[PDB]
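Residue numbers (the deposited numbering), protein chains in the order written: chain A, 34 to 498; chain B, 84 to 249; chain D, 167 to 332. Working notes for the structure below.
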Amino acid sequence: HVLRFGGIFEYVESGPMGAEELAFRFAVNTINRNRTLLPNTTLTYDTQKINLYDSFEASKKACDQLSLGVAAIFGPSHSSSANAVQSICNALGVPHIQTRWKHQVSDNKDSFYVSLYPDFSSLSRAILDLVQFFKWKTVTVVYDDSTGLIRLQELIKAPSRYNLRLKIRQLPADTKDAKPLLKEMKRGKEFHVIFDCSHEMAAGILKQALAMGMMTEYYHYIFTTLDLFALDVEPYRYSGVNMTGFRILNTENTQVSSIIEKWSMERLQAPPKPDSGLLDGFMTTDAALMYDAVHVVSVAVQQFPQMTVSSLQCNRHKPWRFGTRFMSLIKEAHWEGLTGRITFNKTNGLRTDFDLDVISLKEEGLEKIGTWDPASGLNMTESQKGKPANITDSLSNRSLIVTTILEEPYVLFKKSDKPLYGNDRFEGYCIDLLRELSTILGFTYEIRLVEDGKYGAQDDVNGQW
Amino acid sequence: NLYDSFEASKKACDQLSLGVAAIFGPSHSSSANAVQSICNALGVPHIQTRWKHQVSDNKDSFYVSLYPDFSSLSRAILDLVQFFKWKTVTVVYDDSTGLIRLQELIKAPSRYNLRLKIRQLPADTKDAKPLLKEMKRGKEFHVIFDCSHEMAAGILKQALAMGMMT
Amino acid sequence: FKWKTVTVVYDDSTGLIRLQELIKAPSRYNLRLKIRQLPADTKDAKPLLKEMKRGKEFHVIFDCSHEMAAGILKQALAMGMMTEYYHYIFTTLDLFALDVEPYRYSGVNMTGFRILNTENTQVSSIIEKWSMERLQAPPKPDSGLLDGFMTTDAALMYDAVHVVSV
Ligand SMILES: *[C@@H]1O[C@H](CO)[C@@H](O[C@@H]2O[C@H](CO)[C@@H](O[C@@H]3O[C@H](CO[C@H]4O[C@H](CO)[C@@H](O)[C@H](O)[C@@H]4O)[C@@H](O)[C@H](O[C@H]4O[C@H](CO)[C@@H](O)[C@H](O)[C@@H]4O)[C@@H]3O)[C@H](O)[C@H]2NC(C)=O)[C@H](O)[C@H]1NC(C)=O
Ligand SMILES: *[C@@H]1O[C@H](CO)[C@@H](O[C@@H]2O[C@H](CO)[C@@H](O[C@@H]3O[C@H](CO[C@H]4O[C@H](CO)[C@@H](O)[C@H](O)[C@@H]4O)[C@@H](O)[C@H](O[C@H]4O[C@H](CO)[C@@H](O)[C@H](O)[C@@H]4O)[C@@H]3O)[C@H](O)[C@H]2NC(C)=O)[C@H](O)[C@H]1NC(C)=O
Ligand SMILES: *[C@@H]1O[C@H](CO)[C@@H](O[C@@H]2O[C@H](CO)[C@@H](O[C@@H]3O[C@H](CO)[C@@H](O)[C@H](O)[C@@H]3O)[C@H](O)[C@H]2NC(C)=O)[C@H](O)[C@H]1NC(C)=O
Ligand SMILES: *[C@@H]1O[C@H](CO)[C@@H](O[C@@H]2O[C@H](CO)[C@@H](O[C@@H]3O[C@H](CO)[C@@H](O)[C@H](O)[C@@H]3O)[C@H](O)[C@H]2NC(C)=O)[C@H](O)[C@H]1NC(C)=O
Ligand SMILES: *[C@@H]1O[C@H](CO)[C@@H](O[C@@H]2O[C@H](CO)[C@@H](O)[C@H](O)[C@H]2NC(C)=O)[C@H](O)[C@H]1NC(C)=O
Ligand SMILES: *[C@@H]1O[C@H](CO)[C@@H](O)[C@H](O)[C@H]1NC(C)=O
Ligand SMILES: *[C@@H]1O[C@H](CO)[C@@H](O)[C@H](O)[C@H]1NC(C)=O
Ligand SMILES: *[C@@H]1O[C@H](CO)[C@@H](O)[C@H](O)[C@H]1NC(C)=O
Numbered sequence: 034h035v036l037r038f039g040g041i042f043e044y045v046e047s048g049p050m051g052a053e054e055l056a057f058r059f060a061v062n063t064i065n066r067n068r069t070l071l072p073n074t075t076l077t078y079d080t081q082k083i084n085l086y087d088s089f090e091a092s093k094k095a096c097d098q099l100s101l102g103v104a105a106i107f108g109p110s111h112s113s114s115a116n117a118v119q120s121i122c123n124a125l126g127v128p129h130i131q132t133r134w135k136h137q138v139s140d141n142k143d144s145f146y147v148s149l150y151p152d153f154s155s156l157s158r159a160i161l162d163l164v165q166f167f168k169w170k171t172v173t174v175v176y177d178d179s180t181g182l183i184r185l186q187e188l189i190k191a192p193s194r195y196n197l198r199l200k201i202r203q204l205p206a207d208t209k210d211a212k213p214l215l216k217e218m219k220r221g222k223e224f225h226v227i228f229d230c231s232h233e234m235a236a237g238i239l240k241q242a243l244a245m246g247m248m249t250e251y252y253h254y255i256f257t258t259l260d261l262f263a264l265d266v267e268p269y270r271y272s273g274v275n276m277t278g279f280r281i282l283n284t285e286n287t288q289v290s291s292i293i294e295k296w297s298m299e300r301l302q303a304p305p306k307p308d309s310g311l312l313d314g315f316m317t318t319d320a321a322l323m324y325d326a327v328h329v330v331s332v333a334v335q336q337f338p339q340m341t342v343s344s345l346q347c348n349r350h351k352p353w354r355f356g357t358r359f360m361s362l363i364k365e366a367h368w369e370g371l372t373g374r375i376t377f378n379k380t381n382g383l384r385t386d387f388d389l390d391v392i393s394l395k396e397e398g399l400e401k402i403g404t405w406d407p408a409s410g411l412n413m414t415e416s417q418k419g420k421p422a423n424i425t426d427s428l429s430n431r432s433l434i435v436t437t438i439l440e441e442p443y444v445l446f447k448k449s450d451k452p453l454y455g456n457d458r459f460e461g462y463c464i465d466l467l468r469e470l471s472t473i474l475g476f477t478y479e480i481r482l483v484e485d486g487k488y489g490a491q492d493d494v495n496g497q498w
Numbered sequence: 084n085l086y087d088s089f090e091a092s093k094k095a096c097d098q099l100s101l102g103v104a105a106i107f108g109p110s111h112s113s114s115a116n117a118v119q120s121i122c123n124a125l126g127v128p129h130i131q132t133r134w135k136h137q138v139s140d141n142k143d144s145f146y147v148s149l150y151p152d153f154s155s156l157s158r159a160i161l162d163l164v165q166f167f168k169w170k171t172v173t174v175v176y177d178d179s180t181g182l183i184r185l186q187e188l189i190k191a192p193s194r195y196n197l198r199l200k201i202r203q204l205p206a207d208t209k210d211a212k213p214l215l216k217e218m219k220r221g222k223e224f225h226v227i228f229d230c231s232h233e234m235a236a237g238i239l240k241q242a243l244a245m246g247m248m249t
Numbered sequence: 167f168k169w170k171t172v173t174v175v176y177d178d179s180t181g182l183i184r185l186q187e188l189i190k191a192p193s194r195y196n197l198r199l200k201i202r203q204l205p206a207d208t209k210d211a212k213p214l215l216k217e218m219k220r221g222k223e224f225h226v227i228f229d230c231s232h233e234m235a236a237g238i239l240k241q242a243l244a245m246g247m248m249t250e251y252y253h254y255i256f257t258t259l260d261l262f263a264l265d266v267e268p269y270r271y272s273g274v275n276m277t278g279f280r281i282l283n284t285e286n287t288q289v290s291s292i293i294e295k296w297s298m299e300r301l302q303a304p305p306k307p308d309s310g311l312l313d314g315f316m317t318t319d320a321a322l323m324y325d326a327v328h329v330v331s332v
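Below, the structure is given as structure tokens:
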């Protein structure tokens, strides 16, 4: 017989196919071509077009799609559309397998849904375990979407028990305009930032943080999204910046590294964009979780062969007779995939047991620096040390602003011919100290003067210098 | 039945076949988002009475909300914190959307001297005593309880028994 | 308790006679009494307790019966005087028969006495056996008394028959 796995995807008008849509098409063709998994069922897709956040049409296509009869409906990747189809699938018995995080309210009495994006009750614990490891005190959470507070719940709280000085800021609705925000972070000394965005807006927020000179070794970033490896970090590979994140897309096994490599070839027909900071042809996370969405229900239909696809009706509330059994086999699956272990939680169809791999920005790109289980905490690796090991050109590619004062043995204007500009307008002892410090460290330097005239002393009634 | 977004969509289509002029739709956000998506697609006005988090990508024209915007009230509470000269507060909210309802008060330490210490009630009702005992210790004198009035009465019954009505 | 300032709040006129050796105590020790007296009414203790909150009367030696020892603490809760600052010594022997359920988590440290020998199983059985014909009549719930316990006035009349029976 033939199963009829459904699915809702946003189509770009004349943009070829959605990235999640390309996964769900190709992951069905993987099961049909490899008869090791499901040798006798031959799955079939029913992909429909859905407008950006239109909950009626997501209710309209799905009631049309349950008239065709499906065995599962793969979710609308939005939030207002997903809350609709979750309630269609609950009232008619069909499972509703989700791929992205919606705001789950505390009181939906629904059973027929599983989320495959990992829960932010566990992610916001994994952010704070990075904060506790780095021994920060001045965290500067920057979100972009209004539900980013929900995503960082356990980090917005705990200045209570874990003594922080959290300061919360929001990117405006001018989406590529983090310039007025980053001007307010350069002043006020916000060097420890927990940018909570998508990787599209995590790319363009770094190009605006490079041109402002906020990409020096003073700064440290703990980007929240599970897509940090899909950024072109080559402009930032040699700047000395700390840049920490996560990765759930397992890129370690020779098995799963082929699937990314196989379908980077396949979505090469899908044309890229200009230099928007992100690398081309990466199965980011959304096509990875939709890939795992096909398999975990495919290991559920394997353990339950007596299935049909009943042509259900929206008007009559006759539940799909196989529904309660087929939902219980989805929630009791453990089938491994791209994003690691895909075990579910009971008492809610979420994913609170998963395997993150903490990544960092080093001189060789983005490298794994540890791992994180929800019941094993943050297992960081041991650098264990190397050596200083020829400090001679460690500060190469740098640029430093040096401030001096005229002092006749140490700094004097070079009293000579026609006007000397740049660094040649100074001479003395500690100017000649820079000339043999820039030799032994290899940086560039611009001697500014002070504007005040002074050397530094505390104001008695104010405290400033 | 609220907490059910598909019965909210069927009874809306039953009224629109019956010929209503305006749906005064339900209270909960999972149901009211489904009703205004119907009321947008069929022209008919939806008139809301409760707070609902409008996603900023809902390009939707046919809804009005008579519940006052928490853009305004979280600037109203931030005025009272400054009128009372406070320097340390404790936002005790109730359910997960309380962080969304109080954005302009949580974003306030970025611009003022105010120093928030955000907390959250449990799923239960009379289990607020392990929370209030953790507020007595640590000297949490100034509290910005974000609850409904059903649970605003419930906390003060525990806050009396903890000896926190001083 | 290392006290240096108390406030004897007695109930009727003979409370001065009942507490001679505590009123005569500033003559010999460092203790500094500030004797007060409840009104003729019951719920009129709030003008007294408001005059004790002002003046910082932290340490109180209420001399009342247990009927009015429950009545003051109901006003002393409503005045916000059940805190971790305040400390009450009750002179009655029926302290153990008060409803301390709304006062247990307050932070208060109510001290008193108890002459009932409620450790021995012989004594504890007679208190149980007496409760059967006492629960035949219902009490009022608003009083604030844990019903079923055997009061000191009932206990001494039980002992008065036996000490003559011996
Ligand atoms: C970016 O990534 C780099 C590495 O990739 C991280 O580097 C760390 O740099 C900091 C300093 O900038 C090191 O900080 C440690 O601080 C500890 C606190 O104790 C000192 O604190 C006061 C000031 O508050 C000092 O005045 C005083 O001297 C105290 O000692 C220390 O315990 C650390 O000392 C360590 O080194 C000495 C020898 O130097 C040894 O005895 C011990 O190994 C000791 O642990 C140190 O001073 C931190 O060690 C660096 N981590 C590394 C190299 O892994 C950055 O954190 C990261 N982020 C940013 C924003 O740059
Ligand atoms: C900022 O300053 C840094 C140095 O401080 C410069 O960054 C790179 O530094 C690395 C190592 O320090 C260099 O990497 C080596 O490159 C060799 C080939 O050279 C380059 O050739 C062309 C240019 O002609 C480039 O297109 C190409 O990408 C290469 O980078 C490789 O042979 C080396 O590989 C192996 O070397 C040894 C010996 O086998 C092994 O032990 C190593 O493990 C390694 O596998 C090595 O990769 C590199 O040359 C530097 N420059 C780059 C990448 O441009 C930056 O240049 C400087 N910033 C700017 C903007 O210039
Ligand atoms: C299914 O989901 C529930 C709801 O999240 C899980 O319960 C949660 O379990 C975690 C541990 O995995 C607990 O979190 C606690 O965090 C604090 C802060 O660090 C720590 O002090 C505690 O020791 C504990 O780690 C907590 O019991 C609970 N969290 C809730 C209810 O918010 C449950 O574990 C999941 N089932 C699984 C994964 O099998
Ligand atoms: C956190 O760190 C690692 C994450 O990989 C966990 O596994 C441990 O990995 C090290 C490798 O450096 C193992 O050490 C050696 O492994 C080899 C190969 O098996 C073995 O032959 C050696 O005798 C030596 O043990 C280590 O055993 C391994 N731990 C295990 C398997 O339990 C590590 O367990 C994590 N947890 C902790 C608490 O460190
Ligand atoms: C009521 O109880 C508390 C704690 O049980 C006591 O006050 C503190 O605890 C010890 C034990 O008596 C004292 O030695 C400390 O000096 C007390 N702390 C302070 C800061 O004074 C005490 O038994 C009672 N306290 C009150 C205020 O009634
Ligand atoms: C079929 O899929 C299974 C499960 O991933 C894998 O072990 C096997 O190698 C695959 N076979 C082929 C021929 O691709
Ligand atoms: C499933 O496939 C096996 C062959 O691997 C076959 O024996 C069996 O009949 C199939 N089940 C069906 C067709 O229901
Ligand atoms: C180490 O430092 C010396 C100092 O000038 C430098 O000449 C040399 O190239 C460096 N590297 C090695 C491998 O010696």
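Built from N, CA and C at the ideal position, the CB exists for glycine as well.
Roughly how many angstroms lie between the CA atoms of residue 284 (chain D) and residue 293 (chain D), to the nearest whole one? 9 Å
Just jot down, in chain order, the residues whose CB lies closer than 5 Å to any heavy atom of ligand 6. A:67 and A:69
Who are the neighbours of residue 501 (chain A) on chain B, taking C-beta pairs under 8 Å? One cannot answer for residue 501 (chain A) here, as it falls past the ends of chain A, which runs 34 to 498.
Could you check the C-alpha separation between residue 229 (chain D) and residue 248 (chain B) for me, to the nearest Å? 26 Å
Would you list the residues whose beta-carbon is nearer than 5 Å to any heavy atom of ligand 5, in the order they occur in the chain? D:253 and D:275
Assuming residue 481 (chain A) is part of the beta strand (DSSP E), what are its boundary residues? 477–482
With hydrogens ignored, establish whether the beta-carbon of residue 65 (chain A) is closer than 7 Å to any heavy atom of ligand 7. no
Please confirm whether residue 244 (chain B) has its beta-carbon closer than 8 Å to some beta-carbon of chain D. yes
Would you mind giving the Cβ-Cβ distance between residue 224 (chain B) and residue 185 (chain B), rounded to the nearest angstrom? I have them listed as a contact below 8 Å. Not confirmed; about 19 Å, so no contact.
Just checking residue 269 (chain A) against ligand 2 - is the residue's beta carbon closer than 7 Å to any of the ligand's heavy atoms? no
Cα-Cα separation, residue 257 (chain A) to residue 235 (chain A): 9 Å
Beta-carbon within less than 6 Å of residue 74 (chain A)'s beta-carbon, same chain only, minus the 5 sequence neighbours each way: which residues are those? 36
In angstroms, rounded to a whole number, what distance separates the CA positions of residue 438 (chain A) and residue 444 (chain A)? 7 Å
Residues near residue 141 (chain A) by beta carbon distance below 7 Å, same chain, minus five either side: none
Could you confirm whether any beta carbon from chain B is found closer than 8 Å to the beta carbon of residue 165 (chain A)? no
What are the boundary residues of the beta strand (DSSP E) that residue 324 (chain D) is part of? Counting along the chain, residue 324 (chain D) falls outside any beta strand (DSSP E), though it belongs to the alpha helix (DSSP H) covering 318–331.
Secondary structure of residue 118 (chain A), DSSP reduced to three states: helix
Could you tell me if residue 126 (chain B) is buried or exposed, where buried requires 16 or more neighbouring beta carbons within 10 angstroms of its beta carbon? exposed
Start and end residues, alpha helix (DSSP H) containing residue 63 (chain A): 52–66
Cβ closer than 7 Å: which chain B residues qualify as neighbours of residue 249 (chain D)? 246 and 249
Run the CB neighbour count on residue 169 (chain D), radius 10 Å, all protein chains shown included, and call it buried at 16 or more, exposed below. exposed
Report, in whole angstroms, the separation of the C-beta atoms of residue 38 (chain A) and residue 105 (chain A), which I expect to be a contact under 8 Å. 5 Å
Applying the criterion that 16 or more other CB atoms from any shown protein chain within 10 Å of the CB defines a buried residue, is residue 173 (chain A) buried or exposed? buried
Distance between residue 196 (chain D) and residue 241 (chain B) (C-alpha atoms, nearest Å): 39 Å
For the segment 217–242 of chain B, which residues have a beta carbon sitting closer than 9 Å to at least one beta carbon of chain D? 219 and 241
On a CA-only basis, which of A:148, A:97 and A:102 is nearest residue 119 (chain A)? Give me that one, please. A:148
Which ranges would you report for the alpha helix (DSSP H) in the segment 90–160 of chain B if only whole runs of at least 4 residues count? 90–101 and 112–124
With H, G and I counted as helix, E and B as strand and the rest as coil, what does DSSP make of residue 410 (chain A)? strand
Checking the sheet assignment: what are the DSSP bridge partners for residue 202 (chain D)? D:175
Whole runs of the beta strand (DSSP E) within the segment 234–287 of chain A, excluding any shorter than 3 residues: none
Backbone CA spacing between residue 353 (chain A) and residue 96 (chain A) [nearest angstrom]: 13 Å
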